[PDB]
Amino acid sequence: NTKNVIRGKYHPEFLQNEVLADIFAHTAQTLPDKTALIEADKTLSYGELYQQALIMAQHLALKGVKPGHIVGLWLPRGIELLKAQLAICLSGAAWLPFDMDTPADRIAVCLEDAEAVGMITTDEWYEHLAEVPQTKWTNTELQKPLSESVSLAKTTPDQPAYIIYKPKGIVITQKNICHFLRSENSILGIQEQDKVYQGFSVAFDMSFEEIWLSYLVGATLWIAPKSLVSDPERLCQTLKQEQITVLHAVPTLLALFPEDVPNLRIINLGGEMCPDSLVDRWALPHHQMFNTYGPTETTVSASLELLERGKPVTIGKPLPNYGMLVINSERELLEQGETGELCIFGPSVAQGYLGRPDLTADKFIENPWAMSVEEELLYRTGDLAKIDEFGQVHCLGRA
């Protein structure tokens, strides 16, 4: 019996024998005629999206892409970016996402580091990649008709699903991300009826909360243009105009909203702990306001907190099947109250840092207190924390 190890709810059924392609293919076959993507006035259905991405994936397979390969992704915000991400996924490979504003030299560095077999871009952007040695395919050429269908080798849960980036490549597995999706959505509860704002760059974790939760339940995505992403008041009006029901964002953006958006079902605030003033402003009755915390090394999020006016803001309790404990300099578990390094365990702990066994073995360590085979690996956040007399974890800055 120990009050110094804090777990999320027990849900072994969130650990399935699945991969991202399985989740999306299920959603697309179940709701082919449902609209999946919205870009201004263009709309694509789940069935249309699935077929187009499958054609692109067969083209990747023809060009030599197989499960376990890493494919760079660099396209403008929009339907084509998401379709290309999905095409990489359907091919069985993991994608390395690049923000719109990534300099070509950084792209080259990341592709080299990951040993990527190639990357997807557009014709317009293809010219900008002269100094990139790796193979560069255009969505256009990958969308050409095929004279015969190509069988796609399936990938395994232990294979990478994506790699998030001097550069540190964090390797997230199919297992990691599929479990994270099911775990967080058991609490958030994104529904198929929802209309979800898609404003994050695919290089950030919260883009997964936007896109792939929606894929999981078949919600509809309204993809924000680059112009809108930097205009909080124009965005505050756009959310009302399009009647978006789900918004993932960081506290500062919400704090820059002039009025309320009453038609927002769920408000998931990542990035930073929400200030009390923003809670009192937005934790309204017709709003379910959440604050999600977690390092990229444990798949998007690790804990989630339901915000309420007058309830002090904390990082919440771990997500289902996630766990948190506090250790000291000697890598040994501390009794409650005595502060130390916050560590996270569970099935969504990343594989580690790509091609850097030194640092990986330094920060991903054996868990001597695992109560199952999914808890055998602790990621040391580098944060300092303590468990209070309420079983709640409190962050206390960096080490």
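Numbers for residues come from their place in the sequence shown, where the first is 1.
Missing deposited residues between residue 165 and residue 166: 4 to 9, all without coordinates in the entry. Mean CA temperature factor is higher for 238-246 when stretches 238-246 and 199-207 are set side by side in the entry. Taking the PDB entry as given, 146-154 carries the higher mean Cα B factor of the two stretches 170-178 and 146-154. The entry assigns its greatest Cα B factor, within the set 319, 73, 114, 228, to 228.
In this PDB entry, residue 12 carries a Cα temperature factor that places it within the lowest third of its chain's modelled residues. The deposited CA B-factor of residue 261 belongs to the highest third of values across its chain. Residue 334: CA B factor lies in the highest third for its chain, per the PDB record. The PDB entry assigns residue 279 a C-alpha temperature factor belonging to the highest third of its chain's modelled residues. Residue 312 sits in the highest third of its chain by CA B factor, as recorded in the PDB entry.
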